[PDB]
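Asker: build the 3D model from these lines:
(4 chains, ligands or ions: 14)
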Amino acid sequence: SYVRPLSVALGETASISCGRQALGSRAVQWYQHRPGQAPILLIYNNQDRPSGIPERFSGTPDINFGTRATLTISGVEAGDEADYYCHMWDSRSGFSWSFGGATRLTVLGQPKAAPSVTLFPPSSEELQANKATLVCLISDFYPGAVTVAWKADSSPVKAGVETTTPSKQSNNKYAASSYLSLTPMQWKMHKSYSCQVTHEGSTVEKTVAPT
Amino acid sequence: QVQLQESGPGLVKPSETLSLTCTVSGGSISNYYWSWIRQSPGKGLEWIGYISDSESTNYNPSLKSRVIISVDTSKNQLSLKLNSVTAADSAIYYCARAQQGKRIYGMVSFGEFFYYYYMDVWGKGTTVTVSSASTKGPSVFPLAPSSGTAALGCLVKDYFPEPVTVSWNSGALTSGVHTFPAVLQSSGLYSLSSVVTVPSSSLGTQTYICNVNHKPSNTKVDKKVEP
Amino acid sequence: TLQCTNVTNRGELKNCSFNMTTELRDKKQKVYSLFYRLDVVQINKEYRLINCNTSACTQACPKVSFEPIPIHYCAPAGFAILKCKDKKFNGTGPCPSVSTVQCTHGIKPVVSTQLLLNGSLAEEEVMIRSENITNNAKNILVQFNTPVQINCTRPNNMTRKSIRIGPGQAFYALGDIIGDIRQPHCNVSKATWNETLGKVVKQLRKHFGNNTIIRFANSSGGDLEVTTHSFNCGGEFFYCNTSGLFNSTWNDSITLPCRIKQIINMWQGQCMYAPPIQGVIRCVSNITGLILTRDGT
Amino acid sequence: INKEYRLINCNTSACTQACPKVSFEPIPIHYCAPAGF
Ligand SMILES: *[C@@H]1O[C@H](CO)[C@@H](O[C@@H]2O[C@H](CO)[C@@H](O[C@@H]3O[C@H](CO[C@H]4O[C@H](CO[C@H]5O[C@H](CO)[C@@H](O)[C@H](O)[C@@H]5O[C@H]5O[C@H](CO)[C@@H](O)[C@H](O)[C@@H]5O)[C@@H](O)[C@H](O[C@H]5O[C@H](CO)[C@@H](O)[C@H](O)[C@@H]5O)[C@@H]4O)[C@@H](O)[C@H](O[C@H]4O[C@H](CO)[C@@H](O)[C@H](O)[C@@H]4O[C@H]4O[C@H](CO)[C@@H](O)[C@H](O)[C@@H]4O[C@H]4O[C@H](CO)[C@@H](O)[C@H](O)[C@@H]4O)[C@@H]3O)[C@H](O)[C@H]2NC(C)=O)[C@H](O)[C@H]1NC(C)=O
Ligand SMILES: *[C@@H]1O[C@H](CO)[C@@H](O[C@@H]2O[C@H](CO)[C@@H](O[C@@H]3O[C@H](CO[C@H]4O[C@H](CO)[C@@H](O)[C@H](O)[C@@H]4O)[C@@H](O)[C@H](O[C@H]4O[C@H](CO)[C@@H](O)[C@H](O)[C@@H]4O)[C@@H]3O)[C@H](O)[C@H]2NC(C)=O)[C@H](O)[C@H]1NC(C)=O
Ligand SMILES: *[C@@H]1O[C@H](CO)[C@@H](O[C@@H]2O[C@H](CO)[C@@H](O[C@@H]3O[C@H](CO)[C@@H](O)[C@H](O[C@H]4O[C@H](CO)[C@@H](O)[C@H](O)[C@@H]4O)[C@@H]3O)[C@H](O)[C@H]2NC(C)=O)[C@H](O)[C@H]1NC(C)=O
Ligand SMILES: *[C@@H]1O[C@H](CO)[C@@H](O[C@@H]2O[C@H](CO)[C@@H](O[C@@H]3O[C@H](CO[C@H]4O[C@H](CO)[C@@H](O)[C@H](O)[C@@H]4O)[C@@H](O)[C@H](O)[C@@H]3O)[C@H](O)[C@H]2NC(C)=O)[C@H](O)[C@H]1NC(C)=O
Ligand SMILES: *[C@@H]1O[C@H](CO)[C@@H](O[C@@H]2O[C@H](CO)[C@@H](O)[C@H](O)[C@H]2NC(C)=O)[C@H](O)[C@H]1NC(C)=O
Ligand SMILES: *[C@@H]1O[C@H](CO)[C@@H](O[C@@H]2O[C@H](CO)[C@@H](O)[C@H](O)[C@H]2NC(C)=O)[C@H](O)[C@H]1NC(C)=O
Ligand SMILES: *[C@@H]1O[C@H](CO)[C@@H](O[C@@H]2O[C@H](CO)[C@@H](O)[C@H](O)[C@H]2NC(C)=O)[C@H](O)[C@H]1NC(C)=O
Ligand SMILES: *[C@@H]1O[C@H](CO)[C@@H](O[C@@H]2O[C@H](CO)[C@@H](O)[C@H](O)[C@H]2NC(C)=O)[C@H](O)[C@H]1NC(C)=O
Ligand SMILES: *[C@@H]1O[C@H](CO)[C@@H](O[C@@H]2O[C@H](CO)[C@@H](O)[C@H](O)[C@H]2NC(C)=O)[C@H](O)[C@H]1NC(C)=O
Ligand SMILES: *[C@@H]1O[C@H](CO)[C@@H](O[C@@H]2O[C@H](CO)[C@@H](O)[C@H](O)[C@H]2NC(C)=O)[C@H](O)[C@H]1NC(C)=O
Ligand SMILES: *[C@@H]1O[C@H](CO)[C@@H](O)[C@H](O)[C@H]1NC(C)=O
Ligand SMILES: *[C@@H]1O[C@H](CO)[C@@H](O)[C@H](O)[C@H]1NC(C)=O
Ligand SMILES: *[C@@H]1O[C@H](CO)[C@@H](O)[C@H](O)[C@H]1NC(C)=O
Ligand SMILES: *[C@@H]1O[C@H](CO)[C@@H](O)[C@H](O)[C@H]1NC(C)=O
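Answerer: Numbering: from 1, shown residues only, chains lettered A, B, ... in the order given. Ligands and ions are numbered 1, 2, ... in the order given. Below, you will see the structure:
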């Protein structure tokens, strides 16, 4: 299943049209699915909601035929960013085995927050295990996209670094790890190791030395 | 009310039976419909099949010739057995209660209705990865701070497959905790890093231990953190 | 030769595509249209229109109306028409109260079957007629005194599609079904039909006995136009199974499942293709008479 | 059509060729009233 992009501003009204309009009398379901999480039944009948869904989630009933099914989100929050599916049942088409396509709502105009970089030196036990690891932890940044550079003393590293793609947090900010794997001797033969995290327009540095 | 919780091997070899189960709570197993839903990375929600309060079978033609959805009413338990798995079967498998709706438009006597199904309560999801690679336990390494507010955590090196569950002081330390998503290294093993922000004044009269669990390896390890 | 499939959904009306002449005699067109199964038959999927082995069909002009209009019959100069103002006058005999008229009243030529629709009621009591009532092969014309309401509808929202099949020759085809597929039917109040069937059995005892049982059954079989209440509703010809009306031995809503035809012959010969009516069809009528037939407890 | 041509009437109506024996010549016509008019 492919994804349809959508962009509403914070506090506005979202109008998510169904990608598969009905041919007869319909019974449309709306599921809110955040990736890697449990889907949320927003609206099950054409217009009915379950217990625990805000009034600001509305779905169009079919009183007269011809009105296409749409999901309306009034007063959109940042937490309303998710996948939205249109489970279309109607009297003409068969059994709705497949859910909708995918409308991924991305809310514009959120507060920009700078990351919180924290670099840890290699552990004592793993250095005793003949393997070193620099762990540069980045969190609480928006918009979720950072570039990570590693400096050995003053030379760029690039070789032997893995970096996490910015996942989302419960506070609607983003987080990403960045592991630099060093040999225990390479870690001791250098003076300092820096982690450069350039978020949006600026870079932040966190350095660590073997002492 | 009703809640659900899935549980599975977490890792199944290619061309094998992917057994699974789901125990419901606060609800009777024999008076509702039950749906299985999986979701792979890059793919959308896929409806596996469903079983009725009459225990009737009906599967997605997509899979059809591989699924079998059983249910045992002695407990509140219902299973799911996909076989002949391939790489494309890696997904989070969800367990939701389907409720039957009957949409009438014309005359009920002339059969001018149709039946739809909506899932109102879901399970949390069980990750299942398929690969010939063997299981693997992690190896936690401490991450010590160095001085108002400071931070410390645990480095969960080289494990397979996803995921691992990180607790702090068996569940007591739950404020300020921040567990980061994993990293699939080119060696084929994930690595995770958890970290807690803590008032540095407590770093002397307060002990901190992280609780790491990785189910596919039957491992439960702990480690202290101190300067 | 028609290439027909069902309509997605119980397999009633078909979806047929066929090569067809155009306005240019050397150009063909692959066009499609819907035909109720009562208008097509198979070959051995390949179908053919029902009339093609009997006679050609003439499509009705989509401007003429099938609406019955009150017609008055008049006698020429030197002649006269005599009315019978006897409010309890069975068909034959000597009418004691006679009046002369230049013309009859407004007669609506309602083509109907089994159930006389929109007609003239009877005063006082519900009469019954027939000739030799002891002869069972003589249809009994019963005429109600109070009307029983009947409501018919074709609920499918149909589309009309003009197919240019020649210079000026345009066959109006059946496009597709907009919205729900449903079943055309008719309604009668089971209460009003109960009290009206009770009135008919009243006068039936005056000729057959105060003790004998009076059974009602459905048609004996035969043609589609005689077995079912066939009439016209908004331009399309219905064929309603009346088995739910004559099923008695002596809020409500009795429903009659009706079919729909487009190729009707009528009386004889030569046939007519009624063009499809667009939109949702529903008509409200009074059933005022009846045409019964005793078997011969 | 898009050389290929077609007669102008073929999308509106068929045409009847005039009989090559009838004349289009106007003839003096006299209109008369019936008896009593
Ligand atoms: C000739 O004779 C014929 C034979 O007699 C005759 O045929 C009749 O034709 C008419 C029309 O052609 C038919 O009318 C239709 O009826 C449908 C069914 O309606 C019944 O059922 C529903 C649902 O019942 C469930 O829910 C209620 C509560 O909601 C419960 O109380 C029930 O117990 C039941 O729940 C159990 O059962 C379910 C199985 O069905 C289980 O799944 C469930 O788990 C439970 O166990 C009731 O709501 C209806 O009640 C209404 O009628 C009562 C009178 O009894 C009134 O008090 C009041 O008005 C009630 O509203 C009824 O009992 C209808 O679905 C249908 O109307 C919908 O469809 C059309 C077209 O599709 C829409 O345009 C229309 O707007 C309706 O859509 C609404 O509902 C759908 C489905 O919920 C929504 O998806 C949609 O969004 C829309 O909601 C909107 O409007 C709602 C109000 O309607 C509102 O609540 C919403 O908030 C929203 O605004 C249509 O009316 C009739 O069935 C035929 N008769 C028979 C016997 O079949 C013919 O008419 C005669 N005349 C002719 C031909 O001229
Ligand atoms: C009776 O039977 C006739 C056939 O004899 C039916 O008529 C056909 O109906 C089908 C739909 O059921 C029509 O198919 C649709 O065609 C649309 C036209 O797009 C064409 O042209 C573009 C160029 O602009 C091409 O790029 C495109 O590929 C098509 O060739 C399409 O828009 C439709 O696409 C849909 O399906 C695809 C694949 O599933 C989806 O990915 C799309 O998103 C979209 O949803 C569709 O292909 C067909 O054209 C009709 N034929 C004729 C001759 O009209 C009647 O509908 C049927 N009636 C009844 C009542 O049964
Ligand atoms: C049966 O199906 C046919 C279609 O196959 C359907 O006809 C449709 O009716 C609607 C009206 O309900 C038409 O919509 C209108 O279209 C005109 C232009 O053609 C617009 O100007 C209209 O604008 C306004 O008008 C509405 C009032 O009618 C307003 O309430 C509304 O706010 C609109 O903005 C309107 O869009 C539609 O064009 C036709 N379609 C066709 C193909 O003719 C018919 O209603 C169906 N009947 C039943 C009983 O289901
Ligand atoms: C028995 O007699 C009945 C009464 O004469 C017949 O009912 C008539 O049926 C025809 C066709 O089914 C209807 O004509 C239709 O008219 C509507 C639009 O009409 C509406 O708008 C006009 C405004 O001009 C208004 O005057 C009307 O009252 C309606 O509000 C359209 O769908 C079509 O154009 C079509 O012509 C008659 O309206 C209808 N009359 C009544 C009083 O209901 C019935 O068909 C007869 N049955 C038989 C078997 O003969
Ligand atoms: C339309 O639907 C009807 C009923 O679903 C089909 O009827 C079947 O026809 C086949 C002939 O090939 C018979 O063998 C079956 O016994 C019929 N089934 C029933 C229930 O009567 C019909 O074939 C369909 N028409 C098309 C063109 O698909
Ligand atoms: C025209 O074809 C129809 C086919 O429907 C013929 O009617 C059927 O004839 C067979 C015998 O060959 C009967 O068993 C069927 O009961 C008839 N069905 C119907 C609906 O009439 C009809 O006889 C043919 N007419 C001519 C003149 O050949
Ligand atoms: C209508 O009423 C007349 C009399 O009012 C009936 O006429 C009688 O018919 C019987 C035969 O059934 C004759 O033996 C009588 O001689 C007739 N009487 C008269 C005065 O002519 C007539 O039968 C009634 N019609 C029906 C159909 O019952
Ligand atoms: C169907 O029902 C009645 C038949 O009596 C007709 O409606 C009545 O018509 C008479 C005659 O014009 C009026 O005096 C009444 O006031 C009418 N009653 C009502 C409630 O309107 C109606 O016209 C009949 N329809 C037919 C015969 O097509
Ligand atoms: C046939 O249809 C007519 C019109 O839809 C019905 O008459 C309606 O009856 C209701 C209930 O008594 C009234 O509220 C409406 O005002 C009536 N409409 C009109 C136009 O008079 C009638 O009841 C139906 N009869 C049957 C047997 O279905
Ligand atoms: C028949 O075809 C003629 C083509 O000449 C149509 O007439 C032209 O129609 C176009 C629009 O499609 C106009 O722009 C031209 O000005 C028209 N020309 C003339 C000479 O009329 C005509 O409309 C067609 N008729 C039908 C019923 O389709
Ligand atoms: C129309 O004629 C062609 C001739 O090759 C044939 O292939 C096609 O099937 C015909 N179309 C229909 C609907 O029969
Ligand atoms: C009516 O028919 C019967 C036979 O069915 C016959 O005996 C009788 O004479 C007939 N009556 C009249 C008046 O013709
Ligand atoms: C008449 O009724 C009998 C039995 O109720 C049924 O088998 C038969 O098909 C019916 N015929 C018609 C024309 O309704
Ligand atoms: C009429 O309906 C009855 C039952 O309602 C059914 O048995 C009979 O076969 C029907 N007649 C026809 C001709 O379909």
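
Asker: buried residues, stretch C:237-248. List them.
Answerer: Within stretch C:237-248, the residues that qualify as buried are C:237-242, C:244-245, counting by 16 or more other C-beta atoms under 10 Å in any protein chain shown. (C-beta placed from N, C-alpha, C; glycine too.)

Asker: helices along the stretch 51-200 of chain C, start to end?
Answerer: Per DSSP state H, counting those that start in this stretch, the stretch 51-200 of chain C carries helices over the ranges C:190-208.

Asker: quick check: residues of the stretch 101-250 of chain C near ligand 8?
Answerer: Residues of the stretch 101-250 of chain C found near ligand 8 (C-beta under 6 Å from any ligand atom) are C:118, C:121, C:147.

Asker: only alpha carbons, please: show stretch A:59-68 as CSV.
Answerer: As requested, the backbone C-alpha atoms of stretch A:59-68 are provided in CSV (Å, rounded to 0.1, in the frame of the first residue of the first chain):
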residue,chain,number,x,y,z
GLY,A,59,-17.2,11.6,9.2
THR,A,60,-19.8,12.3,6.5
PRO,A,61,-23.0,10.2,6.7
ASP,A,62,-24.7,9.1,3.5
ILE,A,63,-28.3,10.4,3.6
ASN,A,64,-28.5,11.3,-0.1
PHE,A,65,-26.3,9.2,-2.5
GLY,A,66,-23.4,11.1,-4.1
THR,A,67,-21.7,12.6,-1.1
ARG,A,68,-18.2,11.1,-0.9
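
Asker: residues from chain C in reach of ligand 5?
Answerer: Proximity of chain C to ligand 5 is confined to C:5-6, C:11, C:45 under the rule C-beta under 6 Å from any ligand atom.

Asker: what is the most widely separated pair among these?
Answerer: Maximum pairwise distance in these, criterion C-beta to C-beta, is 11.8 Å, between C:11 and C:45.

Asker: quick one: which of these two has more around it?
Answerer: Set side by side, residue C:11 and residue C:45 show more neighbours around residue C:45, with 12 against 8, by other C-beta atoms under 10 Å in any protein chain shown.

Asker: the more buried one and chain A: what is the separation?
Answerer: 21 Å (C-beta to the nearest C-beta, to the nearest Å).

Asker: ok, now residue C:158?
Answerer: Residue C:158 sits at a distance of 14 Å from chain A (criterion: C-beta to the nearest C-beta).

Asker: around ligand 12, pick out the residues from the stretch 101-250 of chain C.
Answerer: If contacts are counted using C-beta under 6 Å from any ligand atom, the residues of the stretch 101-250 of chain C sitting beside ligand 12 are C:132, C:134-135.

Asker: give me the outermost residue of chain A relative to its centroid.
Answerer: Among residues of chain A, the one most distant from the C-alpha centroid is residue A:189; the distance is 39.0 Å, by C-alpha atoms, centre = their mean.

Asker: dump the residue contacts of it.
Answerer: By C-beta atoms under 8 Å, 6 or more residues apart in numbering or on different chains, no residues touch residue A:189.

Asker: mind doing that once more with 10 Å?
Answerer: Residues counted as contacts of residue A:189 (C-beta atoms under 10 Å, 6 or more residues apart in numbering or on different chains) are A:152-153, A:182-183, A:210.

Asker: restricted to strands, list the residues you listed.
Answerer: When DSSP state E defines the strands, the subset of the contacts of residue A:189 inside them is A:152, A:182.

Asker: pull the most distant pair out of the contacts of residue A:189.
Answerer: Largest separation among these by C-beta to C-beta: A:153 and A:183, giving 15.7 Å.

Asker: how about stretch C:190-210: buried residues?
Answerer: Residues C:190, C:192-193, C:196-197, C:199-200, C:204, C:208 are the ones in stretch C:190-210 that count as buried (16+ other C-beta under 10 Å).

Asker: which bits of chain A sit near ligand 1?
Answerer: A:25, A:27, A:45-47, A:61-63.

Asker: what do you get for chain B?
Answerer: B:100-109.

Asker: near ligand 4, anything from stretch C:106-124?
Answerer: Yes - among the residues of stretch C:106-124, C:110, C:117-118 lie within reach of ligand 4 under C-beta under 6 Å from any ligand atom.

Asker: which residues touch whatever residue of chain B ends up closest to ligand 14?
Answerer: Of all residues in chain B, the one sitting closest to ligand 14 is residue B:109 (10.5 Å; C-beta to the nearest ligand atom). Residue B:109 sits next to C:183, C:185, C:255, C:257 when contact means C-beta under 10 Å, 6+ apart.

Asker: same thing with residue B:33?
Answerer: With C-beta under 10 Å, 6+ apart as the criterion, the residues that contact residue B:33 are B:50-54, B:56, B:58, B:96-100, B:117-119.

Asker: what's the closest non-adjacent residue to it?
Answerer: residue B:98 (3.8 Å; C-beta to C-beta, 6 or more residues apart in numbering or on different chains).

Asker: residue A:175 versus the one you found, what's the distance?
Answerer: Shown here: residue B:98 relative to residue A:175, a distance of 35 Å by C-beta to C-beta, to the nearest Å.
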